Structure formats: C-alpha cells, structure tokens
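Chemist: This structure is in structure tokens; I'll ask about it shortly.
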Amino acid sequence: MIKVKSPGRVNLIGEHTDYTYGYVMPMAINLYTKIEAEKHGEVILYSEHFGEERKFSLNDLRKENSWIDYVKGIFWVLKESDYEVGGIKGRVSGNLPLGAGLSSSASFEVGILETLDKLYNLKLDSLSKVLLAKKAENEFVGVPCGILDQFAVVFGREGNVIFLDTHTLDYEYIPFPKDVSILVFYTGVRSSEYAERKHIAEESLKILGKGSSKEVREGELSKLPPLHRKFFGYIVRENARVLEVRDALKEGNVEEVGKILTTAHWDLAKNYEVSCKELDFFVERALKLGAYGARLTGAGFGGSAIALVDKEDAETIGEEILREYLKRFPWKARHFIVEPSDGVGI
Ligand SMILES: [Cl-]
C-alpha cells in the first residue's frame, strides 16, 4: 500500500499564453489530492469528495462521463504509450477543493499516474509524467488545455515558482518572497469561450507566420483583424509581463510584482474579457485592504483569484473580504492561504 500526495496549482502570471507557446509562471500549492492504493485485478477507487466508489475492469476504458474518466484516461494513455500496468484498489481524498480552479483534474490525473508509476515501477521521468497527463486530458477526457497545469503539479518545488517557456520547455525555479502569502479566493462559481480564444489565437499565429507568441511584437499586431488583434494584443502584453515578474522576483521586488499582477488582471478583464464581477470584486477589495497585487488565476469566468499579501495580514484580509462578498453574492465562496510547494510525490 502506498500513499501519493499530488498538489494543486496556482499560476502567478502568464495566463492564456500557453496555447500560443508563450511564457507561464505557475507553482504547486499545499492543497492536495491524496491517493492511497495497492495493486488489484481491476480498478476500484473510493472518492471521499463524491462519497462513492467507482470501478472498472482494465478491459474497460470506455468513457462513463463521471470522475472515473480521469482515472481511465491515465490507464488509456499508458496503454497507448506502450506500458503494461495492472489494476489498483484504493481511496482518493485530500484538501484540494473540487472545481475551484486550482486544477482538480491535473492534480488527480498526475496523482493516479504517480500511483501507477510507483506500484508498477515504471520509473517515469518528470517530463514524461507531464506529457502523459496532458495527453490523457487532451485526447481521452477531451479538454484542450496547455501544459501549464501538468507542469506545475509535477515540477513544483517548495518555496519556488516555475518560470516556463512553453515553446521550448526550458524552465527555471524562482524563489518566492519569505513572508508574503498567496491568498486564494474561490468565488464559489465552478470551456466554450476558452475554445474560441484558442482558435482565434492559433489563426493569429498563422496570419503572422509565427509558431509562438514569444516571436510577436506589438507592432505586428496591426496586421491582424480587429478581434484577433484585440485578443492577441493581450497575449503579447502578458508574455512581456511574465518576463518582468521574473526579473522583479529575482530582486525580491514584491511591490513591483504586485503592480504587474494587477495590470494583468485588468488586461484580462477589459481586453481578453475572461473575468467576471465576482473576481473583479475580490481584486479591487484585496487592493484596498493592502495587497501588493491581485489577479484572477486559471481560465477565468469564475473559479479563483489570488492576492499577494503580507503573511501577518492574510487571514484578516481574507476574512474581511469574504464577509463583504457573502453579503453581495449567493455563492459558497472560500479563502485559503497557500504556499509554493513540491510537486507530486509522497
Ligand atoms: Cl479545478
């Protein structure tokens, strides 16, 4: 019987850039999907969140349109990748909130992959784990995501964020400030528009004759159609912001990092149009209460936002904003204080 702890993730900066092979800067967080399991003839898993057991024969990787599909996707990608693995029986638990936008799917998928890696001694290298999990999500589950989530869940390192060039996969660990906490605020609001943005961004690269947004300057944008231009302008500005945050962090200039995150949030909200009033409310209030900066994290249109705050004020700021928020919106919002953590493992 083995136990695996697979973290969730928070992207600090570099949103909606990975599908045009731009820069991203995520971190694994100390909220996890936990898996305790042993070998078995079939696949049997009890989910603490759903409070139910779901199982399938190894012979059955048919989609059932339930959380079990995430498990089937991993068995599918391993078979598709020429690996022979057997079943597992176990329990899935942990404190990573389901569907809050902290990558429940990648955390779970990578956790299952790690469980199989250890039980069956597959000796997978870290990059392979990322690629397999991404392929499972993309081709089996059917969600067209970038590499951001999977990379963070596997490569995270305690006390560090990951600067990643999604075109070359070159990365580097950047230290996160000592007494600065990441206040996570889940709006309570658990796709289509993501797909649209992705298609438009891909057409833009082809129009510009480029393979990555990194190779695009603001000047060239005039050659794109109005709508394409509006969206791609955000991507170009975002790539530049990731590099600026990288430099600022290397100097420990948290004040500058915060200002950049805030600028990025309003760019996403006004130009990329992927925010919502619930997220905007949190950002504005967090800033008035002292945050160095705040920004939605993840895809947008709900989910969670983050605020960079002094460690000593994290609880108070979260509590004050939550009380104000619950008087304004009907959702079951929650706040968490997270720190950059190690990737999937024990
Ligand atoms: Cl999620």
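Easy rule for this one: first residue shown is 1, then count along the chain.
Determination method: X-ray crystallography, 1.5 Å.
Heads up, the Cβ atoms here are built off N, Cα and C, so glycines get one too.
Taken from Swiss-Prot, the feature site 'Transition state stabilizer' covers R9, and the record attributes it to a curator's inference. Residues or ranges marked as substrate binding site by Swiss-Prot: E15, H16, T17, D18, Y194. The ATP binding site annotation in Swiss-Prot covers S47, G99, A100, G101, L102, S103, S104, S105. The annotation Mg(2+) binding site is assigned in Swiss-Prot to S105, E137. Residues or ranges marked as active site, proton acceptor by Swiss-Prot: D149.
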Chemist: Anything within 10 Å of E137 (Mg(2+) binding site)? Look among the binding-site residues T17, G99, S103, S105, comparing CA atoms, and list what you find.
Modeler: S105
Chemist: With a radius of 8 angstroms around the mean position of the C-beta atoms of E15, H16, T17, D18, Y194, what other residues of the same chain does the substrate site pick up?
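Modeler: Those within range, site residues removed, are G14, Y19, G22, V24, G146, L148, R197, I235, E238, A299.
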Chemist: Measuring C-alpha to C-alpha, could you say which of the recorded positions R9, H16, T17, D149, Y194 are within 10 Å of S103 (ATP binding site)?
Modeler: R9, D149
Chemist: Out of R9, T17, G99, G101, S104, which recorded positions lie by ligand 1, with a C-beta less than 6 Å from some atom of it?
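Modeler: Checking each Cβ against ligand 1, the ones under 6 Å are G99, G101, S104.
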Chemist: Please report, as a whole number of Å, how far the Cα of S191 is from the Cα of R190, with 4 residues unmodelled between the two.
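Modeler: Both gap-flanking Cα atoms are 11 Å from one another.
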Chemist: Going by Cα-Cα distance, which of the recorded positions (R9, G99, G101, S105, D149) sits nearest to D18 (substrate binding site)?
Modeler: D149
Chemist: Judged by the number of other CB atoms within 10 angstroms, which among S47, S103, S104, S105 is the least packed of the binding-site residues?
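Modeler: Sparsest of the binding-site residues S47, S103, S104, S105 by Cβ contacts within 10 Å: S47.
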Chemist: For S47 (ATP binding site), what is the secondary structure state per DSSP, taken as helix, strand or coil?
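Modeler: Reduced to three states, the DSSP call for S47 (ATP binding site) is strand.
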